[PDB]
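Asker: Below: one structure in structure tokens.
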Amino acid sequence: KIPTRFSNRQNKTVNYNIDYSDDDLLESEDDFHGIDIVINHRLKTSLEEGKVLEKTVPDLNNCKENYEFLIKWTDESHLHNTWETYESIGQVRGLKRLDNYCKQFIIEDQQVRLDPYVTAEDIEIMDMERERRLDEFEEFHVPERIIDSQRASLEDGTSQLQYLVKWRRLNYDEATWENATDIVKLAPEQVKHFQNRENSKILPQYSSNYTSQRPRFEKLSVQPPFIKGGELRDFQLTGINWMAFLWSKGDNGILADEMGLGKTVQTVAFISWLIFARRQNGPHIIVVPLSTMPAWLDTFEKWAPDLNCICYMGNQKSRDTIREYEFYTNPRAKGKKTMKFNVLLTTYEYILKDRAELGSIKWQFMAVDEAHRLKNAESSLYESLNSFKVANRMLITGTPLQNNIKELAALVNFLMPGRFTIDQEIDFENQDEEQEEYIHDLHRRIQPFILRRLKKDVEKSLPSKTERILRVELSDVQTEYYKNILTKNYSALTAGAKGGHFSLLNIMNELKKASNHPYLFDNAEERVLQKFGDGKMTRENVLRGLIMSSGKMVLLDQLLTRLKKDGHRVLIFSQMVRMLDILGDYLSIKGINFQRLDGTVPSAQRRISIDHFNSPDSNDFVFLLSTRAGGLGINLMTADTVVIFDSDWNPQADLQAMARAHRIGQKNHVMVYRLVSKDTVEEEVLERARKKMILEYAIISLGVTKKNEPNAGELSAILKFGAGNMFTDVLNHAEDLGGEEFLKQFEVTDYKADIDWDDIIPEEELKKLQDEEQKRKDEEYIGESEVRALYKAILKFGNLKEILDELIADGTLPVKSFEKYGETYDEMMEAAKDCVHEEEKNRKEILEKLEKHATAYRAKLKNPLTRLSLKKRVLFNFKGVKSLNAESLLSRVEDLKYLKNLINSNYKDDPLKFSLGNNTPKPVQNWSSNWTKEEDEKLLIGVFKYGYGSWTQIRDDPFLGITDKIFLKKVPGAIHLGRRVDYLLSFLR
Amino acid sequence: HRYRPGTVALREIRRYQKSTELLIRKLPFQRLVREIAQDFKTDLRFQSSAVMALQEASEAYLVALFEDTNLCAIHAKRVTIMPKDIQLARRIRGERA
């Protein structure tokens, strides 16, 4: 508390507060409709003056009166886009955006149109990207989801219903408040989905309370009815049964099916089964990669349209919009907030970013797609997702084990933490029976928890894939670079370099670079060019370097010539993008139409290159990939051959690389050529790769979904195979029980085509190349609570016998049996008729006695006459609820049954086409709103859909179009609407 | 509403003198340190704390140099600093001497 030590130094006091206020700077500090996006331009401003003056270039002021621009304004909804002109704008915010648009697009478009050196390929790719920008901007007009509705007052516009609209490719920060009428007239299906989304049958708060008492699951041999979608296949149905049986035992699992089998459809159908069948409709979270997330969104839109699936991406304000407009049914409360959504789709980045706002949610299910990202137990995603309070988890992946058993240990610890332990690593040098016993124990321990289906087990039309390992001899430059690096020779590695800045850290990386190409090193092309091309550097020698600097490039050139001779297309996969640059320049000076994909390419140009390569009229021959890019969603159906230039440490990356072209539905026999350098560092790379492949074939492949005696022999055989090295009509495009099939795709075929310096670029190639160089110089260049709750349902719907399931699951009834609620409704309806007739019998005899007394008093005047006038000018208790309307209960029951039978008899296909016919009701011209016979049919249609007395639901229903005709000093009101409903039903009946 | 030229600079002066974060990005400074180090010898590894200590040393040295430079510019009846102010500061400090 009090300080026990002080300072005897007599210093002055110092104010240490460094907090500053800028209130002395307000003299120069303080004392929403503008141009935001410009989309399209039109060559005619007002009218077509003529076709003259079509030559030359316009200036900036010339385009100010010649073009009209499509404008999306600030805080607008991409539907109020206006075709404006510079003189029609005046001076608003965002004029610099319009100037930049006009300058850049008009100047560059007329420059590429009017230039003489622009080819047809450039003009068609700029037209294609212009059309891509045009229909990408045109996609913003279509709504995608309606968030919330409000009643807002305009400038003397009384009250207007106003929807919160999300668009197709826009996010929740572009969600806008718009009129209900044009949204209904534009996309009424989303309006009907929104109207289903208020009074939905499935809520998180109505979920079951299964606490280790889940019901037994019977096997489903048919597709369930609540999964509408398309059609479910047999293997997907067995996966559904496996997931349901695993959840019935309270166990977590890994769906280890191969890519292309439709794992998304399987988990969407399992979520639908968990919501509809087992009534576990609480908050579920699905964590997916961002690139595949539209492929999950359309799957939820197609297969489970009745679900409240929401998307969680974007910046801070969009996630805030999702958080306080869509998470809770009651966002304005302060106590316990229950959830509104059913499924939350999100990514890893917003799990890490918003773990506080998402970890405090009692989730019922987690589904993590691409669980190999979760392969590390030390990563931040692992501790973020492992801290979640989720009862049941599921991991969806294609490769459960990639490097060793520690990764699979991390996955099974994330699934269920503690009954499964792995502490002993595997060693191929031991090969004892105890290791085989451990492997069989791991086989029998994770067998029901992993379901794996291969592409060779289902869809019996897939052509086989055979990969060939080719080993080539290094060049002299590669050999001397390998000798200089391995026996480090910094002075010799510098040599003729002026800078001489060589880094020999990561020795194995430099050895791999030397095994790939000497041109990866700095100042290395000059030494090859001066010693072989005689210093002239005139094109043809430089490419002559590019084939003979590396020992793999001669085999690659021979393979490209052989595949150009045939009708085949080739993908080239590399680990380094600088090698991709080397091959890109090799095909550039070579003159082959190539396309490329790496990490530097943005996703728009990636999609452009993928669609250009997959087009049926594609002139592209070779497509280059960096191996670890693009995700699992790259479609490369048109290609036939895959060449792995650099072997990955992880073989699952190479399997994904060869499965880029080996997808479901491939019409050609796919071969993979793996380019290997002899007696270099890539040999132990392939040794580690085949060790990991042997491990994956041991654990994962033998535990999918009299042979147990031969299992102890074939595990020993595969461990003897894994303990030995492999290093002790060649490029044919042809190929002519499963235990010896894995003994294939591992042999090494050597290649010793020693070709001299001058024997490449022959007289056919040299004549066309020298002519192009010569032509270039010429061209330069039931209690009481249930009784009152059922009484409110009688005034809304009517009879509770046929609507017992509707009121119970919507919260209008308590947690009780359906037969107990049905029996209480029938007893109250029967007792209402007897109590109504008891009071009406005594009232009839009262007026007879009062009329007799009035006749006696009439002769005295020629009092009792006032007694007869007062009498001339129905409540009961059923189950403790007093003053119940016994007369109105039977009248509303008969009126609702007559209205429901009349609508279904003649307007079963469409209830909005109901007409009153020749029946003319009383006029309602004294009301403040224009009420006609068309408005009377709209009110009666909403009574059979929303219920009687639901004035808020009738006014918010914009299908009838009576939102502005009802006020809730204005007429008609709530009391006037109730009287007109009873008078219309009594007149028709 | 446009601001007078000078009050924004005073706001940044009052803002950056309060906070103590590093005003130079980490990766360009690491690249600069490695480029400067690699001419003395090749194959140099760097601890993260070593580059951080070099960063705060550069921060303190350059902030003190701009204080001396601002004093030189104010002494020359100016509010704009110039390279002649910098070479005066370093000379009087003895760095150019």
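In the structure tokens, the first chain shown is A, the next is B, and so on; residue numbers restart at 1 for each chain, and ligands run from 1 in the order shown.
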May I have a table of the residues of chain B lying at most 9 Å from chain A, giving each one's closest pair of atoms and their distance in Å to one decimal, counting only C-alpha atoms, ordered by chain and ascending residue number, as a tab-separated table?
Answerer:
```
residue	atom	partner	partner_atom	distance
B:1	CA	A:30	CA	8.2
B:2	CA	A:29	CA	8.6
B:3	CA	A:28	CA	6.0
B:4	CA	A:28	CA	6.3
B:7	CA	A:28	CA	7.2
B:11	CA	A:22	CA	7.8
B:14	CA	A:20	CA	7.4
B:15	CA	A:20	CA	8.3
B:18	CA	A:18	CA	6.5
B:38	CA	A:501	CA	7.4
B:39	CA	A:501	CA	7.6
B:42	CA	A:503	CA	6.0
B:43	CA	A:503	CA	5.6
B:44	CA	A:505	CA	8.2
B:45	CA	A:505	CA	8.5
```
Asker: Could you write out the selected residues, including C-alpha atoms, as a JSON list (two decimals), in the first residue's frame?
Answerer:
```
[["chain", "number", "residue", "atom", "x", "y", "z"],
["B", 1, "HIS", "CA", -13.23, 21.34, -46.68],
["B", 2, "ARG", "CA", -9.48, 21.49, -47.24],
["B", 3, "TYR", "CA", -6.89, 21.91, -44.50],
["B", 4, "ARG", "CA", -4.23, 24.58, -44.19],
["B", 7, "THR", "CA", -1.61, 21.66, -39.38],
["B", 11, "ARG", "CA", -0.82, 16.53, -36.13],
["B", 14, "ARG", "CA", 2.15, 15.25, -32.12],
["B", 15, "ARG", "CA", 1.03, 11.73, -33.07],
["B", 18, "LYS", "CA", 3.56, 9.87, -28.59],
["B", 38, "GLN", "CA", 26.69, -9.84, -47.74],
["B", 39, "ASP", "CA", 29.62, -7.84, -49.15],
["B", 42, "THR", "CA", 28.87, -14.45, -48.03],
["B", 43, "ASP", "CA", 26.67, -16.94, -46.12],
["B", 44, "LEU", "CA", 25.59, -14.87, -43.12],
["B", 45, "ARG", "CA", 22.71, -15.99, -40.91]]
```
Asker: If we count only C-alpha atoms and set the cut-off at 8 Å, which residues sit around residue 285 (chain A), ignoring sequence neighbours fewer than 6 positions away in its own chain? Please answer as a list in words.
Answerer: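 With the cut-off at 8 Å, the set is residues 343, 344, 345, 346, 363, 365, 366 and 367 of chain A.
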Asker: Name all residues at most 12 Å from residue 26 (chain B) (count only C-alpha atoms; drop same-chain ones fewer than 3 positions away) and give them as a ChimeraX atom specification.
Answerer: /B:21-23,29-33,48-49,51-56
Asker: Can those selected residues be exported to a file as an mmCIF file, in the first residue's frame so that it contains C-alpha atoms?
Answerer:
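Okay, this is what ended up in part-v3.cif:
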```
data_model
loop_
_atom_site.group_PDB
_atom_site.id
_atom_site.type_symbol
_atom_site.label_atom_id
_atom_site.label_comp_id
_atom_site.auth_asym_id
_atom_site.auth_seq_id
_atom_site.Cartn_x
_atom_site.Cartn_y
_atom_site.Cartn_z
ATOM 1 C CA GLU B 21 6.298 1.716 -32.717
ATOM 2 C CA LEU B 22 8.895 1.170 -35.419
ATOM 3 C CA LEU B 23 8.326 3.523 -38.351
ATOM 4 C CA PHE B 29 14.897 -3.414 -43.411
ATOM 5 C CA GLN B 30 15.801 -7.123 -43.271
ATOM 6 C CA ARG B 31 16.568 -7.073 -47.002
ATOM 7 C CA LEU B 32 18.707 -3.940 -46.572
ATOM 8 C CA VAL B 33 20.612 -5.455 -43.622
ATOM 9 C CA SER B 48 15.562 -11.904 -35.539
ATOM 10 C CA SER B 49 16.575 -10.001 -32.398
ATOM 11 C CA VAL B 51 17.860 -7.279 -36.996
ATOM 12 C CA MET B 52 15.405 -5.808 -34.473
ATOM 13 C CA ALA B 53 18.252 -4.259 -32.443
ATOM 14 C CA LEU B 54 19.737 -2.862 -35.662
ATOM 15 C CA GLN B 55 16.285 -1.460 -36.439
ATOM 16 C CA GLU B 56 15.883 0.409 -33.140
#
```
Asker: May I have the residues within 12 Å of residue 65 (chain B) as an MDAnalysis selection string, using only C-alpha atoms and disregarding those fewer than 4 positions away in the same chain?
Answerer: chainID B and resid 58:61 69:72 81 83 85:93 95
Asker: Based on the selection just made, write C-alpha atoms of those residues as a short mmCIF file (atom, residue, chain, number, x, y, z; two decimals), in the first residue's frame.
Answerer:
```cif
data_model
loop_
_atom_site.label_atom_id
_atom_site.label_comp_id
_atom_site.auth_asym_id
_atom_site.auth_seq_id
_atom_site.Cartn_x
_atom_site.Cartn_y
_atom_site.Cartn_z
CA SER B 58 18.68 3.05 -36.87
CA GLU B 59 15.44 4.55 -35.50
CA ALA B 60 17.19 6.35 -32.63
CA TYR B 61 20.11 7.55 -34.77
CA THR B 69 18.61 18.87 -38.76
CA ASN B 70 15.44 20.70 -37.66
CA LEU B 71 17.50 22.81 -35.27
CA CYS B 72 19.88 23.67 -38.13
CA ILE B 81 14.91 20.87 -43.76
CA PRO B 83 20.55 18.26 -47.13
CA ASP B 85 21.25 21.05 -42.71
CA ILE B 86 21.99 17.30 -42.52
CA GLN B 87 25.62 17.71 -43.56
CA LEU B 88 25.99 20.52 -41.00
CA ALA B 89 24.56 18.34 -38.25
CA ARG B 90 26.84 15.38 -39.03
CA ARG B 91 29.88 17.70 -39.43
CA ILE B 92 29.33 19.35 -36.03
CA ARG B 93 28.77 15.88 -34.55
CA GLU B 95 30.77 12.25 -38.46
#
```
Asker: Which residues, written as a PyMOL selection string, have at least one atom at most 10 Å from residue 396 (chain A), with only C-alpha atoms counted and residues fewer than 6 positions away on the same chain left out?
Answerer: chain A and resi 253-257+263-264+267+288+367-372
Asker: In Å, rounded to a single decimal, give me how far CA of residue 914 (chain A) is from CA of residue 966 (chain A).
Answerer: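 Here the two named atoms are 20.1 Å from each other.
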Asker: Between CA of residue 573 (chain A) and CA of residue 402 (chain A), measure the distance and give it in Å to one decimal.
Answerer: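 One can read the CA of residue 573 (chain A) to CA of residue 402 (chain A) distance as 19.3 Å.
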Asker: If we count only C-alpha atoms and set the cut-off at 8 Å, which residues sit around residue 808 (chain A), ignoring sequence neighbours fewer than 6 positions away in its own chain? Please answer as an MDAnalysis selection string.
Answerer: chainID A and resid 814:815 818
Asker: Generate a file of the selected residues that holds N, CA, C and O atoms, formatted as a PDB file, in the first residue's frame.
Answerer:
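Done, and the output landed in selection_3.pdb:
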```pdb
ATOM      1  N   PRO A 814     -46.600 -25.579 -25.973  1.00  0.00           N
ATOM      2  CA  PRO A 814     -45.489 -25.990 -25.111  1.00  0.00           C
ATOM      3  C   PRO A 814     -44.984 -27.380 -25.491  1.00  0.00           C
ATOM      4  O   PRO A 814     -45.443 -28.003 -26.446  1.00  0.00           O
ATOM      5  N   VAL A 815     -44.018 -27.862 -24.711  1.00  0.00           N
ATOM      6  CA  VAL A 815     -43.419 -29.170 -24.950  1.00  0.00           C
ATOM      7  C   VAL A 815     -44.333 -30.248 -24.385  1.00  0.00           C
ATOM      8  O   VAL A 815     -44.234 -30.609 -23.207  1.00  0.00           O
ATOM      9  N   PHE A 818     -48.396 -34.689 -28.978  1.00  0.00           N
ATOM     10  CA  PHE A 818     -49.341 -34.249 -29.999  1.00  0.00           C
ATOM     11  C   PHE A 818     -50.736 -34.811 -29.755  1.00  0.00           C
ATOM     12  O   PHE A 818     -51.731 -34.159 -30.089  1.00  0.00           O
TER      13      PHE A 818
END
```
Asker: Name all residues at most 9 Å from region 435-446 of chain A (count only C-alpha atoms; drop same-chain ones fewer than 6 positions away) and give them as an MDAnalysis selection string.
Answerer: chainID A and resid 412 420 422 426:427 698:700 702:703 712 715:716 719
Asker: Based on the selection just made, write N, CA and C atoms of those residues as a compact mmCIF listing (two decimals), in the first residue's frame.
Answerer:
```txt
# COMPACT_ATOMS: atom_id res chain seq x y z
N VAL A 412 -6.41 -37.52 -35.60
CA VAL A 412 -7.25 -38.30 -34.70
C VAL A 412 -7.28 -37.73 -33.29
N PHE A 420 -6.90 -42.60 -28.44
CA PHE A 420 -5.98 -43.02 -29.49
C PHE A 420 -4.66 -42.32 -29.28
N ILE A 422 -0.36 -42.36 -30.45
CA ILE A 422 0.73 -42.82 -31.30
C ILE A 422 2.01 -42.20 -30.76
N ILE A 426 7.84 -45.32 -37.18
CA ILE A 426 8.09 -46.50 -37.99
C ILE A 426 9.52 -46.43 -38.52
N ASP A 427 10.15 -47.60 -38.64
CA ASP A 427 11.50 -47.70 -39.19
C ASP A 427 11.54 -48.86 -40.17
N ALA A 698 0.45 -48.60 -46.86
CA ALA A 698 0.36 -49.49 -45.71
C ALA A 698 -0.83 -49.13 -44.84
N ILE A 699 -0.86 -47.92 -44.30
CA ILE A 699 -1.89 -47.59 -43.31
C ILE A 699 -3.21 -47.21 -43.98
N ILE A 700 -3.17 -46.25 -44.91
CA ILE A 700 -4.41 -45.66 -45.42
C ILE A 700 -5.09 -46.62 -46.40
N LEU A 702 -4.86 -49.90 -46.86
CA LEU A 702 -5.27 -51.20 -46.35
C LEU A 702 -6.32 -51.10 -45.25
N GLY A 703 -6.78 -49.90 -44.92
CA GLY A 703 -7.82 -49.68 -43.92
C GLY A 703 -8.92 -48.80 -44.49
N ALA A 712 -0.09 -60.92 -42.97
CA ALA A 712 1.19 -60.95 -42.26
C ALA A 712 2.36 -61.22 -43.20
N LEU A 715 2.35 -57.54 -45.66
CA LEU A 715 2.94 -56.42 -44.93
C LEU A 715 4.46 -56.55 -44.82
N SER A 716 4.95 -57.77 -44.57
CA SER A 716 6.39 -58.01 -44.54
C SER A 716 7.01 -57.79 -45.91
N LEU A 719 7.15 -54.03 -46.46
CA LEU A 719 8.21 -53.44 -45.65
C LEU A 719 9.59 -53.80 -46.18
```
Asker: Check the DSSP output for the backbone and give back, as a ChimeraX atom specification, the residues of region 22-91 of chain B in helix (DSSP H, G or I).
Answerer: /B:26-37,48-75,83-91
Asker: Choose the residue, out of A:392, A:131, A:781, A:228, that has the smallest atom-to-atom separation from residue 117 (chain A); count only C-alpha atoms.
Answerer: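 The shortest atom-to-atom distance to residue 117 (chain A) comes from A:781.
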Asker: Return the single residue from B:9, B:67, B:62, B:78 that is closest to residue 24 (chain B), with distances computed using only C-alpha atoms.
Answerer: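 Going through B:9, B:67, B:62, B:78 one by one, the smallest distance to residue 24 (chain B) is for B:62.
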Asker: Which is closer to residue 965 (chain A) than all the others in A:160, A:34, A:67, A:621, using only C-alpha atoms?
Answerer: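 Once distances to residue 965 (chain A) are computed over only C-alpha atoms, the minimum belongs to A:160.
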Asker: Separation of CA of residue 214 (chain A) and CA of residue 242 (chain A), in Å?
Answerer: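 Atom-to-atom, CA of residue 214 (chain A) to CA of residue 242 (chain A), that is 15.4 Å.
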